[PDB]
Structure formats: C-alpha cells, structure tokens
Amino acid sequence: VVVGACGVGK
Amino acid sequence: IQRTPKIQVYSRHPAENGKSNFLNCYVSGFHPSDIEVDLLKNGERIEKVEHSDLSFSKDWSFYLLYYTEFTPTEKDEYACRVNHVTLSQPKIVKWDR
Amino acid sequence: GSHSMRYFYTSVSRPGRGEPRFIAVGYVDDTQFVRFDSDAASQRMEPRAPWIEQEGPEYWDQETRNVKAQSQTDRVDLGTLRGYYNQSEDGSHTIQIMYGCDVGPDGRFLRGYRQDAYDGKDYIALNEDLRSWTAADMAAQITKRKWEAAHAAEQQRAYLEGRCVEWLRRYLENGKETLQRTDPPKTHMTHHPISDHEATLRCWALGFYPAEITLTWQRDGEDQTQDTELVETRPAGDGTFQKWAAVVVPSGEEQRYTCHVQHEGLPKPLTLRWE
C-alpha cells in the first residue's frame with residue numbers, strides 16, 4: 001500500500 | 001536539468017525467422033518525461049505499440065519500454081525512432097541482430 | 001533474501017493543456033504491481049501483477065483515494081515551487097517522489113526512504129534516521145521548516161516502519177511464485193570478427209530475475225576492464241531481464257578470455273569460454 005499519511009504542503 | 005535518452009533495440013527472445021517474438025526499444029536516463037517513441041518496420045511506423053508505465057531511477061532520470069508483437073524475417077528491417085527535446089534530431093536506432 | 005517496496009510519483013505540469021499529469025507506479029523489488037495514470041479512463045489504482053488481483057474492493061478503493069489525494073497535493077506544490085523560483089506559468093515542470101522500505105530475510109525493518117525532486121534534481125529528502133530532513137537549496141528549506149513544524153517526519157517514519165513493511169510481507173508471500181522466485185540467467189557467448197587482428201566476444205545473460213547481476217571479463221585468469229563494454233540491464237518485457245558484456249581481443253587469443261556471471265539465482269558463479 002502507498003503512504004496513507006496525508007501530505008503536508010510544500 | 002535535461003538528460004539525453006539512451007536507446008537499446010532488441011527482441012524479447014532470441015530471434016528466429018518465422019517464429020513470432022516481441023520487439024523491444026528501451027529508452028532510459030532521460031529528463032523530462034515528454035518523449036515520443038515509435039517502432040519502425042522497413043521505415044514505416046508500427047501501429048499498436050504498447051509502453052510500460054512511467055518510472056524513474058535513483059538519479060531521477062526516467063525510463064520506458066516500448067514493445068509490440070512482431071515476426072522477424074530475413075528481409076524486414078526493424079528500428080526504433082526516438083525524439084526528445086535534448087536531441088537535435090530524432091534518433092533512429094536500427095535493430096542489430 | 002532481502003526485499004524492497006518502492007513507489008514512484010511523477011506530476012508534470014502542462015500549461016494550456018489541462019491540469020498536471022500524474023503517474024504513480026508501485027514496485028516490489030524489480031516487479032511492478034500497481035499503477036495510477038490520471039490520463040487513463042479508470043481513475044483508479046489498477047493491478048499490474050497477478051497476485052495483487054486477489055485484493056478486495058476495500059483495498060483498491062483506499063489505494064485509489066490515497067494516491068489521487070497525493071496528486072491533488074502535487075498540483076498545489078507545483079504552483080508553490082514555481083513561486084519559490086519565480087518561474088513562468090507557461091513553462092513545464094516536474095515533481096518526482098520516491099519512497100519505500102527495505103526488509104531482511106526475516107522480514108522486518110531495515111531501511112526507509114522518502115525523497116522529493118523538482119525538475120530532475122534533489123529538492124528535499126528524509127534522512128536515514130527518519131527524523132531529520134536534508135534540503136538542497138534555500139527554496140527547499142522553506143519546505144523543510146514547513147515539514148518540521150507540521151512534523152511530517154514522524155508520520156512518514158510511522159508508515160515506513162509500519163504499514164510499508166507489513167504489506168511488503170503480505171505481497172512477498174501472496175506472490176512468492178513470482179516475487180521470491182530466482183530465475184538464473186540463461187547465458188551464452190557470441191564471436192564477431194572485427195578485422196584479422198581483432199575480434200569481439202559478447203557475453204550474453206538472458207531471462208534472469210531479479211535484475212541484479214554481475215558480468216565480468218578475464219584474460220588468463222586476470223581481470224580485464226580495458227576495451228570492455230557493458231550495457232545497462234534491460235527489461236525483456238516478460239518480467240525477466242537481459243544484459244551483455246563485450247571485449248575486443250586479438251585474433252587467435254579468444255580462448256584466453258573467460259566471462260564470469262554472478263547472480264543470486266545461481267549456486268556457483270558461472271564461467272564461459274569460447275571453444
């Protein structure tokens with residue numbers, strides 16, 4: 001599975 | 001950055017005239033991702049050529065595999081035409097059996 | 001042996017031709033098993049290997065949800081980074097993301113990865129301690145303290161040491177007929193005369209998996225890396241890989257040379273000579 005942690009913007 | 005694609009033209013199995021096979025054209029080490037690749041039989045582009053999904057290496061350079069069902073003979077010449085913004089002209093790499 | 005799972009994201013901004021193109025691929029070792037092409041008609045994570053097809057619809061729904069949500073974040077980051085470098089709105093730009101975990105034969109955490117790039121060059125990467133960040137330029141340091149303030153490292157580390165490794169274990173067992181198989185290289189040698197004082201010997205290695213392999217030439221039991229040629233290991237299109245190595249040798253002395261093939265699918269390293 002891909003990273004389930006949700007992405008903080010750059 | 002802009003990196004020139006390497007090209008290898010080859011078959012999936014050892015080529016034998018009459019026996020069906022797969023014609024591969026592996027392009028790698030390039031950037032950016034936009035690239036056009038065509039398989040050529042006797043100078044004409046082959047329709048229904050499939051390509052693997054876009055991925056890249058540790059140095060962020062992309063690689064792709066273009067392939068199609070083909071039948072090697074003794075007269076037919078095969079090649080792979082590659083055009084990329086890094087290239088001045090489209091590179092045509094003939095299949096060296 | 002040891003195994004890896006990797007995910008590669010690529011988002012390419014195409015001004016004047018719609019929204020950025022997003023492509024995601026999932027790998028176990030040298031085998032792709034999932035893919036997401038936002039230009040494809042399904043808009044869902046699709047299987048690319050037989051063994052992952054058995055996963056239920058709750059798996060494919062969550063995987064579709066998570067990575068398309070990543071593509072939405074990539075869209076905003078594309079505009080953010082372009083502002084970081086004060087770049088025009090009509091130039092094309094690419095964000096690439098790589099991450100994954102490594103496991104040992106016993107099947108638990110060895111290393112974790114998370115690296116991001118912009119226009120083909122390093123942007124920011126997660127260090128090996130999975131607690132600090134390494135930025136390439138000052139624009140990436142703006143992202144660094146952003147991810148430091150939001151504590152992205154803690155939740156990246158949580159996935160790298162947890163859900164990544166756990167599902168890598170499941171994939172390795174559910175598809176062991178493909179992933180854990182070691183097809184040894186079917187090898188042979190070819191001879192092509194160049195002149196009447198020089199000749200080329202090519203050492204072929206075909207149909208092997210995984211891609212890791214070592215082809216070396218020797219002359220009279222001594223290593224020879226002068227006048228040699230190695231090509232990149234290439235996919236055969238059926239899951240296996242190919243590679244060859246060449247050496248230019250004087251005529252008549254062809255049998256002084258030996259090719260050596262090392263591969264994890266071989267009990268002993270092979271040695272081939274032109275008779």
# chains A, B, ... in the order shown; residues from 1 in each chain; ligands from 1
call {"tool": "residues_around", "arguments": {"residues": "residue 24 (chain B)", "least_positions_apart": "5", "cutoff": "6 Å", "atoms": "only C-alpha atoms", "output": "PyMOL selection string"}}
result
chain B and resi 9-11+66-67
call {"tool": "write_last_selection", "arguments": {"atoms": "N, CA, C and O atoms", "output": "PDB file, in the first residue's frame"}}
result
ATOM      1  N   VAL B   9      17.654  -1.348 -28.823  1.00  0.00           N
ATOM      2  CA  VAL B   9      16.654  -2.029 -29.639  1.00  0.00           C
ATOM      3  C   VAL B   9      17.011  -3.507 -29.698  1.00  0.00           C
ATOM      4  O   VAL B   9      18.127  -3.868 -30.092  1.00  0.00           O
ATOM      5  N   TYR B  10      16.061  -4.359 -29.319  1.00  0.00           N
ATOM      6  CA  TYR B  10      16.332  -5.777 -29.128  1.00  0.00           C
ATOM      7  C   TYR B  10      15.009  -6.529 -29.076  1.00  0.00           C
ATOM      8  O   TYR B  10      13.932  -5.932 -29.001  1.00  0.00           O
ATOM      9  N   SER B  11      15.108  -7.854 -29.110  1.00  0.00           N
ATOM     10  CA  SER B  11      13.952  -8.734 -29.042  1.00  0.00           C
ATOM     11  C   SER B  11      13.847  -9.374 -27.662  1.00  0.00           C
ATOM     12  O   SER B  11      14.830  -9.487 -26.925  1.00  0.00           O
ATOM     13  N   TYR B  66       9.163   0.365 -24.804  1.00  0.00           N
ATOM     14  CA  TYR B  66       8.192   0.295 -25.886  1.00  0.00           C
ATOM     15  C   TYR B  66       8.333  -1.049 -26.580  1.00  0.00           C
ATOM     16  O   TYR B  66       9.450  -1.480 -26.888  1.00  0.00           O
ATOM     17  N   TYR B  67       7.204  -1.711 -26.819  1.00  0.00           N
ATOM     18  CA  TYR B  67       7.220  -3.063 -27.350  1.00  0.00           C
ATOM     19  C   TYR B  67       5.972  -3.301 -28.184  1.00  0.00           C
ATOM     20  O   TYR B  67       4.938  -2.656 -27.993  1.00  0.00           O
TER      21      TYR B  67
END
call {"tool": "residues_around", "arguments": {"residues": "region 240-257 of chain C", "least_positions_apart": "3", "cutoff": "6 Å", "atoms": "only C-alpha atoms", "output": "PyMOL selection string"}}
result
chain C and resi 197-209+211+218-220+227-230+233-236+274
call {"tool": "closest_atom_pairs", "arguments": {"of": "chain B", "to": "chain C", "cutoff": "7 Å", "atoms": "only C-alpha atoms", "output": "tab-separated table"}}
result
residue	atom	partner	partner_atom	distance
B:1	CA	C:120	CA	6.0
B:12	CA	C:236	CA	4.9
B:26	CA	C:234	CA	7.0
B:31	CA	C:120	CA	6.7
B:54	CA	C:23	CA	6.7
B:55	CA	C:8	CA	6.2
B:60	CA	C:120	CA	5.4
B:61	CA	C:120	CA	6.9
call {"tool": "write_last_selection", "arguments": {"atoms": "N, CA and C atoms", "output": "mmCIF file, in the first residue's frame"}}
result
data_model
loop_
_atom_site.group_PDB
_atom_site.id
_atom_site.type_symbol
_atom_site.label_atom_id
_atom_site.label_comp_id
_atom_site.auth_asym_id
_atom_site.auth_seq_id
_atom_site.Cartn_x
_atom_site.Cartn_y
_atom_site.Cartn_z
ATOM 1 N N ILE B 1 17.332 20.448 -15.347
ATOM 2 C CA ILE B 1 18.251 19.515 -15.980
ATOM 3 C C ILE B 1 17.578 18.911 -17.205
ATOM 4 N N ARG B 12 12.627 -9.792 -27.319
ATOM 5 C CA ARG B 12 12.402 -10.447 -26.034
ATOM 6 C C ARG B 12 13.103 -11.799 -25.980
ATOM 7 N N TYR B 26 14.128 0.035 -25.492
ATOM 8 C CA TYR B 26 14.239 0.505 -24.118
ATOM 9 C C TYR B 26 14.936 1.859 -24.108
ATOM 10 N N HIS B 31 15.314 13.084 -19.175
ATOM 11 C CA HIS B 31 14.551 14.065 -18.414
ATOM 12 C C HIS B 31 14.381 15.316 -19.270
ATOM 13 N N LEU B 54 5.309 4.946 -16.674
ATOM 14 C CA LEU B 54 6.438 5.834 -16.431
ATOM 15 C C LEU B 54 6.991 5.646 -15.022
ATOM 16 N N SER B 55 8.302 5.421 -14.929
ATOM 17 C CA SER B 55 9.010 5.362 -13.656
ATOM 18 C C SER B 55 10.388 5.983 -13.848
ATOM 19 N N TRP B 60 16.822 10.281 -10.667
ATOM 20 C CA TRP B 60 15.593 10.924 -11.125
ATOM 21 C C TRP B 60 15.393 10.832 -12.633
ATOM 22 N N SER B 61 16.278 10.161 -13.363
ATOM 23 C CA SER B 61 16.113 10.019 -14.801
ATOM 24 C C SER B 61 15.071 8.952 -15.112
#
call {"tool": "residues_around", "arguments": {"residues": "residue 2 (chain A)", "least_positions_apart": "2", "cutoff": "10 Å", "atoms": "only C-alpha atoms", "output": "CSV table (one decimal) with N, CA, C and O atoms, in the first residue's frame"}}
result
chain,number,residue,atom,x,y,z
A,4,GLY,N,-0.3,6.1,3.5
A,4,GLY,CA,-1.6,6.6,3.9
A,4,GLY,C,-1.5,7.9,4.7
A,4,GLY,O,-2.5,8.6,4.8
A,5,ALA,N,-0.3,8.2,5.2
A,5,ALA,CA,-0.1,9.5,5.9
A,5,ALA,C,-0.4,10.6,4.9
A,5,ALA,O,0.1,10.6,3.8
C,5,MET,N,10.1,-2.5,-1.3
C,5,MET,CA,8.9,-2.0,-1.9
C,5,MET,C,9.1,-0.5,-2.2
C,5,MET,O,9.6,0.3,-1.3
C,6,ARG,N,8.9,0.0,-3.4
C,6,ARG,CA,9.1,1.3,-3.8
C,6,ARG,C,7.9,1.9,-4.5
C,6,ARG,O,7.1,1.2,-5.2
C,7,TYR,N,7.6,3.2,-4.3
C,7,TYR,CA,6.6,3.9,-5.0
C,7,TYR,C,7.2,5.2,-5.7
C,7,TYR,O,7.9,5.9,-5.0
C,8,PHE,N,6.9,5.3,-6.9
C,8,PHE,CA,7.4,6.4,-7.7
C,8,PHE,C,6.3,7.3,-8.2
C,8,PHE,O,5.4,6.8,-8.9
C,24,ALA,N,1.7,7.2,-11.1
C,24,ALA,CA,2.2,6.5,-9.9
C,24,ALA,C,2.4,5.1,-10.2
C,24,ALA,O,1.5,4.4,-10.8
C,25,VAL,N,3.5,4.5,-9.8
C,25,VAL,CA,3.8,3.1,-10.0
C,25,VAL,C,4.3,2.5,-8.7
C,25,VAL,O,5.1,3.2,-7.9
C,26,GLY,N,3.9,1.3,-8.4
C,26,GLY,CA,4.4,0.6,-7.2
C,26,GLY,C,5.2,-0.6,-7.6
C,26,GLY,O,4.9,-1.4,-8.6
C,34,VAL,N,1.2,-2.2,-9.1
C,34,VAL,CA,0.1,-1.3,-9.2
C,34,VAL,C,0.6,-0.1,-10.0
C,34,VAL,O,1.7,0.1,-10.3
C,62,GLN,N,-9.2,2.3,-1.2
C,62,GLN,CA,-8.3,3.1,-0.3
C,62,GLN,C,-7.0,3.5,-1.1
C,62,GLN,O,-6.6,4.7,-1.0
C,63,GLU,N,-6.5,2.6,-1.9
C,63,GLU,CA,-5.3,2.9,-2.6
C,63,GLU,C,-5.6,4.0,-3.7
C,63,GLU,O,-4.8,4.9,-3.9
C,64,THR,N,-6.8,3.9,-4.3
C,64,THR,CA,-7.2,5.0,-5.3
C,64,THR,C,-7.3,6.3,-4.5
C,64,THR,O,-6.9,7.3,-5.0
C,66,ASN,N,-6.0,7.4,-1.7
C,66,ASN,CA,-4.8,8.0,-1.1
C,66,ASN,C,-3.9,8.6,-2.2
C,66,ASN,O,-3.3,9.7,-1.9
C,67,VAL,N,-3.6,7.9,-3.3
C,67,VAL,CA,-2.6,8.5,-4.2
C,67,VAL,C,-3.2,9.5,-5.1
C,67,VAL,O,-2.5,10.5,-5.5
C,70,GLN,N,-2.8,12.4,-3.2
C,70,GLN,CA,-1.4,12.9,-3.4
C,70,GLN,C,-1.2,13.7,-4.6
C,70,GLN,O,-0.5,14.7,-4.6
C,99,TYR,N,9.7,6.8,-2.4
C,99,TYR,CA,9.7,6.4,-1.0
C,99,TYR,C,9.4,4.9,-1.0
C,99,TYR,O,8.9,4.3,-1.9
C,100,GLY,N,9.8,4.3,0.1
C,100,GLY,CA,9.6,2.8,0.3
C,100,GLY,C,10.5,2.3,1.5
C,100,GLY,O,11.1,3.1,2.2
C,159,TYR,N,4.8,5.3,8.8
C,159,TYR,CA,4.4,4.4,7.6
C,159,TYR,C,5.6,3.5,7.2
C,159,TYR,O,5.4,2.4,6.9
C,163,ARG,N,3.1,0.2,8.1
C,163,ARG,CA,2.3,-0.3,7.0
C,163,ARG,C,3.1,-0.7,5.8
C,163,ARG,O,2.7,-1.6,5.1
C,164,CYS,N,4.2,0.0,5.5
C,164,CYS,CA,5.0,-0.3,4.4
C,164,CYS,C,5.6,-1.8,4.6
C,164,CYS,O,5.4,-2.6,3.7
C,167,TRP,N,2.8,-4.7,4.7
C,167,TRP,CA,2.2,-5.1,3.5
C,167,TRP,C,3.2,-5.6,2.5
C,167,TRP,O,2.9,-6.4,1.6
call {"tool": "atom_distance", "arguments": {"atom1": "CA of residue 30 (chain B)", "atom2": "CA of residue 128 (chain C)"}}
result
27.4 Å
